[PDB]
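J.: Sending over a structure as structure tokens; questions will come in a sec.
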Amino acid sequence: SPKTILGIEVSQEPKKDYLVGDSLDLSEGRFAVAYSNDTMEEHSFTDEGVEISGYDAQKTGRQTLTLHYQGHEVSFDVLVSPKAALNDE
């Protein structure tokens with residue numbers, strides 16, 4: 001049988017931190033969806049169900065963000081910083 005969802009739960013935390021030449025990379029912005037087959041799935045900045053408005057990818061630095069999904073809206077802030085050393089791959 002097909003696997004679809006029904007109920008949605010907001011589980012995104014404030015962060016939105018991007019490094020120079022790194023572009024977007026939201027990880028705290030994840031949502032938890034409950035399926036009808038008794039299963040839950042979590043993903044950050046993966047699903048295309050949430051649209052962000054106000055964030056300028058062509059210019060970051062203390063920019064406002066507003067995510068809208070279905071009928072809910074959440075506000076957040078983004079801060080861009082210079083890439084650091086020692087990074088795991």
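Chains: A, B, ... in order of the structure tokens. Residues: from 1 per chain. Ligands: from 1, in order shown.
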Within 7 Å of range 23-33 of chain A, counting only C-alpha atoms, which residues qualify if same-chain residues fewer than 3 places away don't, as a VMD selection string?
T.: chain A and resid 5 7 to 20 40 to 45
J.: With C-alpha atoms retained, could you export that selection as a short mmCIF file (atom, residue, chain, number, x, y, z; two decimals), in the first residue's frame?
T.:
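So the final result, stored in selection03.cif, reads:
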```
data_model
loop_
_atom_site.label_atom_id
_atom_site.label_comp_id
_atom_site.auth_asym_id
_atom_site.auth_seq_id
_atom_site.Cartn_x
_atom_site.Cartn_y
_atom_site.Cartn_z
CA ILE A 5 1.23 11.43 5.91
CA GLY A 7 -0.48 15.15 10.83
CA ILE A 8 2.35 17.67 10.99
CA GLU A 9 4.39 18.94 13.93
CA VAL A 10 6.75 21.92 13.99
CA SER A 11 10.19 21.02 15.33
CA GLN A 12 12.41 23.65 13.71
CA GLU A 13 14.84 25.55 15.93
CA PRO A 14 16.39 29.01 15.42
CA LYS A 15 19.82 29.00 13.77
CA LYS A 16 20.15 29.36 10.00
CA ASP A 17 23.94 29.66 9.94
CA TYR A 18 25.76 29.80 6.60
CA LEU A 19 29.50 30.09 5.95
CA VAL A 20 31.21 31.98 3.13
CA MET A 40 7.60 9.28 11.74
CA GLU A 41 10.20 11.00 9.56
CA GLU A 42 12.37 14.03 10.34
CA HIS A 43 14.28 16.21 7.88
CA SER A 44 16.00 19.60 7.97
CA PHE A 45 15.81 21.94 4.97
#
```
J.: Among chain A, which ones does DSSP assign to strand (DSSP E) (computed from the backbone)? Answer as number ranges by chain.
T.: A: 5-10, 17-19, 30-35, 40-44, 51-53, 63-69, 72-81
J.: To one decimal place in Å, what is the distance between CA of residue 49 in chain A and CA of residue 81 in chain A?
T.: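 Separating CA of residue 49 in chain A from CA of residue 81 in chain A is a distance of 27.5 Å.
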J.: Smallest atom-to-atom distance to residue 22 in chain A: which of A:55, A:68, A:80, A:86, using only C-alpha atoms?
T.: A:80
J.: Which of these, A:88, A:74, A:79, A:3, has the shortest distance to residue 38 in chain A once you count only C-alpha atoms?
T.: A:3
J.: Can you pull out every residue within 8 Å of residue 54 in chain A, counting only C-alpha atoms, but drop anything in the same chain fewer than 2 positions away, and send it as a ChimeraX atom specification?
T.: /A:52,56,63-66
J.: A:2, A:83, A:50, A:69: which is nearest residue 21 in chain A, counting only C-alpha atoms?
T.: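 Closest to residue 21 in chain A of all the choices is A:83.
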J.: Given only C-alpha atoms as the basis, pick out the residue of A:70, A:1, A:36, A:60 nearest to residue 82 in chain A.
T.: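 Closest residue, counting only C-alpha atoms: A:60.
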J.: Between CA of residue 77 in chain A and CA of residue 53 in chain A, measure the distance and give it in Å to one decimal.
T.: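 Between CA of residue 77 in chain A and CA of residue 53 in chain A the gap is 11.4 Å.
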